[PDB]
>>> print(open('model-v4.cif').read())   # mmCIF, C-alpha atoms
data_model
#
loop_
_atom_site.label_atom_id
_atom_site.label_comp_id
_atom_site.auth_asym_id
_atom_site.auth_seq_id
_atom_site.Cartn_x
_atom_site.Cartn_y
_atom_site.Cartn_z
CA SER A 31 -5.55 -15.60 10.63
CA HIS A 32 -8.13 -14.28 8.07
CA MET A 33 -7.60 -16.46 4.99
CA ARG A 34 -9.86 -15.52 2.06
CA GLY A 35 -9.55 -16.73 -1.53
CA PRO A 36 -7.73 -19.66 -3.11
CA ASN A 37 -4.08 -20.62 -2.56
CA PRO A 38 -2.10 -18.06 -4.64
CA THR A 39 0.39 -18.78 -7.43
CA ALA A 40 3.07 -16.44 -8.78
CA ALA A 41 1.16 -16.36 -12.11
CA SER A 42 -2.24 -15.64 -10.42
CA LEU A 43 -0.67 -12.76 -8.37
CA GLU A 44 1.03 -11.40 -11.56
CA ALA A 45 -2.44 -11.27 -13.28
CA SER A 46 -4.34 -7.94 -13.50
CA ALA A 47 -7.30 -9.30 -11.42
CA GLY A 48 -7.76 -11.45 -8.27
CA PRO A 49 -10.73 -13.81 -7.76
CA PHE A 50 -13.23 -11.20 -6.36
CA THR A 51 -15.52 -8.79 -8.32
CA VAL A 52 -14.63 -5.14 -7.51
CA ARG A 53 -17.23 -2.37 -7.30
CA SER A 54 -16.36 1.30 -6.39
CA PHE A 55 -17.95 4.69 -5.55
CA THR A 56 -16.92 8.35 -5.00
CA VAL A 57 -17.08 9.50 -1.33
CA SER A 58 -20.02 12.00 -1.05
CA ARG A 59 -18.74 14.07 1.92
CA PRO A 60 -15.03 13.44 2.57
CA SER A 61 -14.13 13.89 6.26
CA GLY A 62 -10.59 15.30 6.78
CA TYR A 63 -9.27 14.92 3.17
CA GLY A 64 -10.01 16.27 -0.34
CA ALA A 65 -11.80 13.44 -2.21
CA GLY A 66 -11.95 9.60 -2.14
CA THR A 67 -12.78 6.56 -4.35
CA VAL A 68 -13.60 3.33 -2.37
CA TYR A 69 -12.96 -0.07 -4.06
CA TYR A 70 -14.48 -3.12 -2.26
CA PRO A 71 -15.05 -6.86 -2.84
CA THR A 72 -18.70 -8.06 -3.17
CA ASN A 73 -17.68 -11.78 -3.09
CA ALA A 74 -15.22 -11.86 -0.13
CA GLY A 75 -16.83 -14.39 2.35
CA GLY A 76 -15.80 -12.56 5.60
CA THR A 77 -14.82 -9.06 6.81
CA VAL A 78 -11.78 -7.64 4.75
CA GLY A 79 -9.10 -5.14 5.91
CA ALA A 80 -8.91 -1.56 4.58
CA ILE A 81 -5.98 0.21 2.88
CA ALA A 82 -5.67 4.00 2.36
CA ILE A 83 -3.49 5.23 -0.56
CA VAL A 84 -2.16 8.82 -0.92
CA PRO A 85 -0.53 10.45 -3.99
CA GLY A 86 2.54 12.69 -4.17
CA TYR A 87 3.07 16.48 -4.30
CA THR A 88 0.83 18.00 -7.10
CA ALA A 89 -0.67 14.56 -7.81
CA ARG A 90 -4.19 13.10 -7.68
CA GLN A 91 -5.87 9.69 -7.44
CA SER A 92 -4.94 8.96 -11.13
CA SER A 93 -1.26 8.32 -10.11
CA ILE A 94 -2.21 5.53 -7.57
CA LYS A 95 -5.66 4.29 -8.78
CA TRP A 96 -4.41 0.99 -10.33
CA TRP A 97 -3.91 -0.32 -6.71
CA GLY A 98 -7.68 0.05 -5.95
CA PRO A 99 -8.89 -2.89 -8.06
CA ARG A 100 -5.50 -4.72 -7.95
CA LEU A 101 -5.85 -5.07 -4.12
CA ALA A 102 -9.68 -5.06 -3.86
CA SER A 103 -9.93 -8.08 -6.28
CA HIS A 104 -7.85 -10.03 -3.66
CA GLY A 105 -10.04 -9.21 -0.61
CA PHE A 106 -9.53 -5.66 0.63
CA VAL A 107 -11.38 -2.35 0.88
CA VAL A 108 -9.13 0.29 -0.76
CA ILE A 109 -9.61 4.07 -0.49
CA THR A 110 -7.57 6.27 -2.92
CA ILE A 111 -7.55 9.95 -1.89
CA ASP A 112 -6.98 13.42 -3.16
CA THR A 113 -5.50 15.65 -0.43
CA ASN A 114 -7.15 18.86 0.78
CA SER A 115 -4.35 20.72 -1.16
CA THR A 116 -2.19 19.24 -3.95
CA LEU A 117 0.70 21.03 -2.09
CA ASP A 118 0.18 19.30 1.26
CA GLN A 119 3.39 18.01 2.93
CA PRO A 120 3.99 14.48 4.34
CA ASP A 121 2.69 15.05 7.90
CA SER A 122 -0.60 16.53 6.50
CA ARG A 123 -0.74 13.62 4.02
CA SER A 124 -0.44 11.17 6.97
CA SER A 125 -3.24 12.94 8.87
CA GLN A 126 -5.48 12.74 5.77
CA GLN A 127 -4.58 9.06 5.13
CA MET A 128 -5.68 8.22 8.67
CA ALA A 129 -8.82 10.37 8.19
CA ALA A 130 -9.63 8.24 5.11
CA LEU A 131 -9.26 4.97 7.11
CA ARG A 132 -11.55 6.56 9.74
CA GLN A 133 -14.21 7.41 7.12
CA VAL A 134 -13.98 3.82 5.70
CA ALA A 135 -14.76 2.53 9.20
CA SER A 136 -17.67 5.13 9.27
CA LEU A 137 -19.02 3.85 5.87
CA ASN A 138 -18.73 0.21 7.31
CA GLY A 139 -21.48 1.39 9.76
CA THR A 140 -23.60 3.33 7.20
CA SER A 141 -26.52 0.98 6.34
CA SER A 142 -26.76 3.01 3.07
CA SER A 143 -23.04 2.64 2.07
CA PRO A 144 -22.17 -0.38 -0.10
CA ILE A 145 -19.45 -1.41 2.52
CA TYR A 146 -21.63 -1.77 5.72
CA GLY A 147 -20.30 -4.72 7.85
CA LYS A 148 -17.60 -5.61 5.20
CA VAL A 149 -14.58 -4.30 7.23
CA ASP A 150 -12.56 -5.75 10.10
CA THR A 151 -11.76 -2.21 11.24
CA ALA A 152 -8.97 -3.89 13.33
CA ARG A 153 -7.03 -4.67 10.05
CA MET A 154 -5.75 -1.58 8.24
CA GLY A 155 -2.83 -0.72 5.92
CA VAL A 156 -1.19 2.34 4.34
CA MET A 157 0.31 2.99 0.90
CA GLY A 158 1.26 6.00 -1.14
CA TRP A 159 3.65 7.67 -3.57
CA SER A 160 6.60 10.00 -2.78
CA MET A 161 5.36 12.51 -0.12
CA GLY A 162 2.33 10.15 0.19
CA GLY A 163 4.83 7.36 0.86
CA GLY A 164 6.59 9.41 3.49
CA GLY A 165 3.09 10.08 4.88
CA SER A 166 2.46 6.28 4.97
CA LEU A 167 5.67 5.80 7.02
CA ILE A 168 4.58 8.64 9.39
CA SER A 169 1.12 6.91 9.67
CA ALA A 170 2.90 3.61 10.55
CA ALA A 171 5.22 5.29 13.14
CA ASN A 172 2.26 7.07 14.79
CA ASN A 173 -0.21 4.11 14.55
CA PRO A 174 1.69 0.86 15.30
CA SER A 175 -1.61 -1.16 15.25
CA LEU A 176 -1.61 -0.75 11.43
CA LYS A 177 -0.98 -4.23 9.97
CA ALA A 178 1.14 -3.26 6.93
CA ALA A 179 2.70 -0.37 4.97
CA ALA A 180 3.80 -0.46 1.33
CA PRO A 181 4.95 3.02 0.20
CA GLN A 182 6.42 3.62 -3.27
CA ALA A 183 9.31 5.92 -4.12
CA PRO A 184 9.01 7.54 -0.68
CA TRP A 185 10.22 10.95 0.35
CA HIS A 186 10.28 12.62 3.81
CA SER A 187 12.30 15.52 5.36
CA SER A 188 13.69 12.93 7.90
CA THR A 189 14.88 9.38 6.90
CA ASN A 190 14.87 8.09 10.52
CA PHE A 191 11.85 5.73 10.83
CA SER A 192 13.52 3.60 13.57
CA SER A 193 10.27 3.48 15.75
CA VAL A 194 8.28 1.66 12.97
CA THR A 195 7.13 -1.82 14.11
CA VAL A 196 4.64 -2.19 11.21
CA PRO A 197 5.65 -4.65 8.42
CA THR A 198 6.93 -2.28 5.72
CA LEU A 199 7.60 -2.95 2.01
CA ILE A 200 9.35 -0.08 0.18
CA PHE A 201 9.10 0.03 -3.60
CA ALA A 202 12.09 1.96 -4.95
CA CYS A 203 12.79 3.13 -8.52
CA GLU A 204 16.48 2.64 -9.44
CA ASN A 205 16.88 5.82 -11.59
CA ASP A 206 14.67 8.07 -9.38
CA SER A 207 15.97 11.65 -9.70
CA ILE A 208 13.05 13.22 -7.68
CA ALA A 209 13.60 11.17 -4.47
CA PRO A 210 16.86 9.35 -5.27
CA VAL A 211 17.16 5.87 -3.75
CA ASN A 212 20.56 6.58 -2.10
CA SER A 213 19.21 9.63 -0.16
CA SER A 214 15.53 8.60 0.34
CA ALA A 215 14.18 5.01 -0.07
CA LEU A 216 17.38 3.18 1.01
CA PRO A 217 18.21 5.34 4.10
CA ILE A 218 14.54 5.10 5.12
CA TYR A 219 14.74 1.26 4.74
CA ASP A 220 18.07 1.11 6.59
CA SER A 221 16.64 3.03 9.65
CA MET A 222 14.07 0.33 10.54
CA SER A 223 15.43 -2.36 12.92
CA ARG A 224 12.21 -3.37 14.77
CA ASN A 225 10.00 -4.76 11.97
CA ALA A 226 9.47 -7.15 9.08
CA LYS A 227 10.68 -5.08 6.13
CA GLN A 228 11.51 -5.33 2.46
CA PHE A 229 13.08 -3.18 -0.24
CA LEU A 230 12.30 -3.89 -3.91
CA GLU A 231 14.14 -1.65 -6.43
CA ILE A 232 12.74 -1.61 -10.01
CA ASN A 233 15.50 -1.84 -12.67
CA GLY A 234 15.71 1.38 -14.71
CA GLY A 235 12.68 2.85 -12.83
CA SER A 236 11.91 6.58 -12.90
CA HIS A 237 10.12 8.19 -9.93
CA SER A 238 6.69 7.02 -11.41
CA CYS A 239 7.85 3.35 -11.73
CA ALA A 240 4.98 2.07 -9.41
CA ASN A 241 2.23 4.45 -10.61
CA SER A 242 -0.86 3.57 -12.78
CA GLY A 243 0.31 2.48 -16.27
CA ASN A 244 3.85 1.37 -15.16
CA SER A 245 5.80 -1.34 -17.12
CA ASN A 246 5.97 -3.71 -14.01
CA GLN A 247 2.30 -4.08 -12.85
CA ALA A 248 2.84 -7.92 -12.80
CA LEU A 249 5.75 -7.92 -10.34
CA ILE A 250 4.83 -4.78 -8.33
CA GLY A 251 1.18 -5.94 -8.00
CA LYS A 252 2.25 -9.46 -6.99
CA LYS A 253 4.49 -8.01 -4.24
CA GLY A 254 1.94 -5.46 -2.92
CA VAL A 255 -0.88 -7.98 -2.82
CA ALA A 256 1.39 -10.64 -1.25
CA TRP A 257 2.71 -8.21 1.45
CA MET A 258 -0.83 -7.01 2.30
CA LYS A 259 -2.29 -10.56 2.35
CA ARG A 260 0.58 -11.93 4.49
CA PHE A 261 0.54 -9.13 7.11
CA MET A 262 -3.04 -7.69 6.96
CA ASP A 263 -4.64 -11.21 7.00
CA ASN A 264 -1.82 -13.13 8.82
CA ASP A 265 -2.15 -15.48 5.75
CA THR A 266 1.00 -17.69 5.73
CA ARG A 267 -0.02 -19.05 2.27
CA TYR A 268 1.50 -15.67 1.21
CA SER A 269 4.81 -15.99 3.17
CA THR A 270 6.52 -17.51 0.12
CA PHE A 271 5.54 -14.57 -2.12
CA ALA A 272 5.93 -11.86 0.57
CA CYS A 273 9.52 -12.93 1.57
CA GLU A 274 10.76 -14.17 -1.86
CA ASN A 275 13.82 -12.54 -3.50
CA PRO A 276 12.42 -12.39 -7.05
CA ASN A 277 14.54 -14.01 -9.82
CA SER A 278 13.83 -11.11 -12.22
CA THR A 279 15.97 -8.85 -14.45
CA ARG A 280 13.12 -6.32 -13.63
CA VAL A 281 14.60 -6.03 -10.06
CA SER A 282 17.95 -4.16 -9.67
CA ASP A 283 18.06 -4.61 -5.85
CA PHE A 284 16.24 -6.64 -3.18
CA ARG A 285 16.71 -6.51 0.65
CA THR A 286 14.54 -8.04 3.43
CA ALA A 287 14.65 -8.62 7.25
CA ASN A 288 12.38 -10.40 9.83
CA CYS A 289 10.37 -11.87 6.93
CA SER A 290 9.69 -15.42 8.19
CA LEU A 291 9.22 -18.20 5.58
#
>>> encode(input="model-v4.cif", output="structure tokens")
Amino acid sequence: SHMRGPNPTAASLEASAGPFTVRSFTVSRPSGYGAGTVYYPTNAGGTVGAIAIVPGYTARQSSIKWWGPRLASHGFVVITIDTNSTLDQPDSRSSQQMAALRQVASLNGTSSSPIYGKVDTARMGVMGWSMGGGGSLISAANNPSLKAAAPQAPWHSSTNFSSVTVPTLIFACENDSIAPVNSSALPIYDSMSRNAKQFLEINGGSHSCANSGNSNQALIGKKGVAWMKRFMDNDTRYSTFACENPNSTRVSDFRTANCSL
């Protein structure tokens, strides 16, 4: 286990900001992806894990940026990327997501970089929106040593992610008409039999229901932070919040499996 920070509460995880000061920078020379912004804790008190976040088709860091400080303020290094092309497909997005985790591990060794020695490069996670969510699930299938995945409103050309052993939380948006839940997020969820998994559907949500500026940053943030802390840090203080079925009119559907209390 890698327990950092105080015992969480629902209200503290629903807050905009965790207990650590977040600083960030723009990656000078991106290696294998378009552009990156690294968010990191100054305060942590030990090495933190790293999470790479990828947007959807046509989209940029703006769509996913709110996760940077939301996670980093709880004890993570977060890299948000722009892809080489805004029109990159999920497999390319997965390659670039893993290239961003690689460059974070490089900057962990770069005496100049503000994140030298801050990363347990053995503790990494993947997130992303739509085709960047499908790319997160491809990253998890290809790299089972990843500790967690938390894609939002995912889309891929195949819904069969049966090889995934990585603890996977899928944020779904009930009224998604871009990647509908019944043909995308739910079949993807249903395919995984080998892992801790969870499915959280946002009541009334459009395809952007987990993007920067959304009307559920309390609940969605609580669940992303809790899932990453539980599985990236093996922090069982977070089992209650990671496995909980939220009592919320904001949630239209909840499913979970292999999520031990």
>>> closest_residue(input="model-v4.cif", among="A:182, A:133, A:142, A:122", to="residue 169 in chain A", atoms="all atoms listed in the file")
A:122
>>> closest_residue(input="model-v4.cif", among="A:218, A:184, A:105, A:137", to="residue 76 in chain A", atoms="all atoms listed in the file")
A:105
>>> resolve_selection(input="model-v4.cif", expression="the PyMOL selection byres ((chain A and resi 200) around 8)", output="PyMOL selection string")
chain A and resi 180-184+198-199+201-202+215+219+227-230
>>> resolve_selection(input="model-v4.cif", expression="the PyMOL selection byres ((chain A and resi 43-59) around 8)", output="MDAnalysis selection string")
chainID A and resid 35 38:42 60:61 65:74 99:105 247:249 251:252 255:256
>>> resolve_selection(input="model-v4.cif", expression="the PyMOL selection byres ((chain A and resi 270-285) around 7)", output="JSON, numbers by chain")
{"A": [204, 228, 229, 230, 231, 232, 233, 253, 256, 257, 260, 268, 269, 286, 289, 291]}
>>> residues_around(input="model-v4.cif", residues="range 149-155 of chain A", least_positions_apart="4", cutoff="6 Å", atoms="all atoms listed in the file", output="compact mmCIF listing (two decimals) with C-alpha atoms, keeping the file's coordinate frame")
# COMPACT_ATOMS: atom_id res chain seq x y z
CA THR A 77 -14.82 -9.06 6.81
CA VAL A 78 -11.78 -7.64 4.75
CA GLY A 79 -9.10 -5.14 5.91
CA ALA A 80 -8.91 -1.56 4.58
CA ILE A 81 -5.98 0.21 2.88
CA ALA A 135 -14.76 2.53 9.20
CA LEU A 176 -1.61 -0.75 11.43
CA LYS A 177 -0.98 -4.23 9.97
CA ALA A 178 1.14 -3.26 6.93
CA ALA A 179 2.70 -0.37 4.97
CA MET A 262 -3.04 -7.69 6.96
>>> closest_residue(input="model-v4.cif", among="A:31, A:37, A:127, A:221", to="residue 62 in chain A", atoms="all atoms listed in the file")
A:127
>>> atom_distance(input="model-v4.cif", atom1="CA of residue 258 in chain A", atom2="CA of residue 115 in chain A")
28.2 Å
>>> decode(input="model-v4.cif", residues="range 222-246 of chain A", atoms="N, CA, C and O atoms", output="CSV table (one decimal), in the first residue's frame")
chain,number,residue,atom,x,y,z
A,222,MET,N,-16.2,-7.4,-19.7
A,222,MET,CA,-15.0,-7.6,-18.8
A,222,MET,C,-15.4,-8.5,-17.6
A,222,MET,O,-16.2,-8.1,-16.8
A,223,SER,N,-14.8,-9.7,-17.6
A,223,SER,CA,-15.2,-10.7,-16.6
A,223,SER,C,-14.0,-11.0,-15.6
A,223,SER,O,-14.3,-11.8,-14.7
A,224,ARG,N,-12.9,-10.4,-15.9
A,224,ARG,CA,-11.6,-10.8,-15.2
A,224,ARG,C,-11.1,-9.7,-14.2
A,224,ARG,O,-10.1,-9.9,-13.7
A,225,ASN,N,-11.9,-8.7,-14.0
A,225,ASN,CA,-11.4,-7.5,-13.3
A,225,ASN,C,-12.4,-6.9,-12.3
A,225,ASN,O,-13.6,-7.2,-12.4
A,226,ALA,N,-11.9,-6.1,-11.3
A,226,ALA,CA,-12.7,-5.1,-10.6
A,226,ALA,C,-13.2,-4.1,-11.6
A,226,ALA,O,-12.4,-3.6,-12.5
A,227,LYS,N,-14.5,-3.9,-11.7
A,227,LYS,CA,-15.0,-3.0,-12.6
A,227,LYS,C,-16.2,-2.3,-12.1
A,227,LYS,O,-16.9,-2.7,-11.1
A,228,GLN,N,-16.6,-1.1,-12.7
A,228,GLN,CA,-17.7,-0.3,-12.3
A,228,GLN,C,-18.2,0.5,-13.4
A,228,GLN,O,-17.4,0.8,-14.3
A,229,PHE,N,-19.5,0.8,-13.4
A,229,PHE,CA,-20.2,1.5,-14.4
A,229,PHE,C,-21.1,2.5,-13.7
A,229,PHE,O,-21.9,2.2,-12.9
A,230,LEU,N,-20.8,3.8,-14.0
A,230,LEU,CA,-21.6,4.9,-13.3
A,230,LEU,C,-22.2,5.7,-14.4
A,230,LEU,O,-21.4,6.4,-15.2
A,231,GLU,N,-23.5,5.7,-14.6
A,231,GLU,CA,-24.2,6.4,-15.6
A,231,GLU,C,-24.8,7.7,-15.0
A,231,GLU,O,-25.6,7.6,-14.1
A,232,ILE,N,-24.5,8.8,-15.6
A,232,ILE,CA,-24.9,10.2,-15.2
A,232,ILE,C,-26.3,10.4,-15.8
A,232,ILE,O,-26.5,10.4,-17.0
A,233,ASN,N,-27.3,10.7,-14.9
A,233,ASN,CA,-28.7,11.0,-15.2
A,233,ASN,C,-28.8,12.1,-16.2
A,233,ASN,O,-28.2,13.2,-15.9
A,234,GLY,N,-29.4,12.0,-17.3
A,234,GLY,CA,-29.6,13.1,-18.3
A,234,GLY,C,-28.4,13.5,-19.0
A,234,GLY,O,-28.5,14.4,-19.8
A,235,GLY,N,-27.2,12.8,-18.9
A,235,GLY,CA,-25.9,13.2,-19.4
A,235,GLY,C,-25.9,13.2,-20.9
A,235,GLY,O,-26.2,12.1,-21.5
A,236,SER,N,-25.4,14.2,-21.5
A,236,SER,CA,-24.9,14.2,-22.9
A,236,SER,C,-23.5,13.6,-23.0
A,236,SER,O,-22.9,13.3,-22.0
A,237,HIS,N,-23.0,13.5,-24.2
A,237,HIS,CA,-21.7,12.9,-24.4
A,237,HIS,C,-20.6,13.6,-23.7
A,237,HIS,O,-19.5,13.0,-23.4
A,238,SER,N,-20.7,14.9,-23.3
A,238,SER,CA,-19.7,15.7,-22.6
A,238,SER,C,-19.9,15.7,-21.1
A,238,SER,O,-19.3,16.6,-20.5
A,239,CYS,N,-20.7,14.8,-20.6
A,239,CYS,CA,-21.2,14.8,-19.2
A,239,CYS,C,-20.1,14.7,-18.2
A,239,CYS,O,-20.3,15.0,-17.0
A,240,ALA,N,-18.9,14.2,-18.5
A,240,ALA,CA,-17.7,14.2,-17.6
A,240,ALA,C,-16.5,15.1,-18.0
A,240,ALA,O,-15.4,15.0,-17.5
A,241,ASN,N,-16.8,16.0,-18.9
A,241,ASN,CA,-15.8,16.9,-19.4
A,241,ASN,C,-15.7,18.2,-18.5
A,241,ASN,O,-16.4,18.3,-17.6
A,242,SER,N,-14.7,19.0,-18.8
A,242,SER,CA,-14.4,20.2,-17.9
A,242,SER,C,-15.7,21.1,-18.0
A,242,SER,O,-16.2,21.1,-19.0
A,243,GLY,N,-16.1,21.6,-16.9
A,243,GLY,CA,-17.3,22.4,-16.8
A,243,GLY,C,-18.6,21.6,-16.6
A,243,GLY,O,-19.7,22.3,-16.6
A,244,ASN,N,-18.6,20.3,-16.4
A,244,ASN,CA,-19.8,19.5,-16.3
A,244,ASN,C,-20.6,19.8,-15.0
A,244,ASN,O,-20.0,20.3,-14.1
A,245,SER,N,-21.9,19.4,-15.0
A,245,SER,CA,-22.8,19.8,-13.8
A,245,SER,C,-22.7,18.7,-12.7
A,245,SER,O,-23.4,18.9,-11.7
A,246,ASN,N,-21.7,17.8,-12.8
A,246,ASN,CA,-21.5,16.7,-11.8
A,246,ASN,C,-20.1,16.5,-11.3
A,246,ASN,O,-19.7,15.4,-11.0
